[PDB]
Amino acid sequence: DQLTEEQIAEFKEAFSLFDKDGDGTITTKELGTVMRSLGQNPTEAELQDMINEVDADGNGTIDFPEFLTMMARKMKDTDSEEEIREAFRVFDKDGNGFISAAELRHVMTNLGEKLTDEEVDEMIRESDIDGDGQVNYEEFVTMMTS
């Protein structure tokens, strides 16, 4: 897609969370599962309408370039930053401005990522630049573009 090579590379890794069997393709089944896992609640009509735009093939499956097209829309300057802020709020469950190890665990395990409590503490420590033992918006953004 008309994204930066680095943005495509990051979204390719994100797509593997939808494509658990991997496989190379996803259906409305995997879209909904992952969206539910991250606080979203689309209907099967909404998912089926969204997949119709990127599937001329008609088999009800989409690959990574089709997934990139499905995510694309006419956007403003402000809209892009609002999305990253919304993504951070997915992690910062209580909205206190910091992602705690407990909050990160919720996100990780909701996504089916397997990891010990020690490893969650380790991810927190690595993202934690100011050493306060938690991740703020600046640190979340710095990590996102590493």
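Numbering starts at 1 and follows the sequence shown.
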On mean C-alpha B-factor from the PDB entry, just flag whether 128-136 or 21-29 is the higher one.
21-29
Out of 35-43 and 54-62, which one has CA B-factors that are higher on average in the deposited record?
54-62
Among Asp49, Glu113, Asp121, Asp94, highest Cα B-factor in the entry goes to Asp49
Record-listed C-alpha B factor of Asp77: chain third
highest
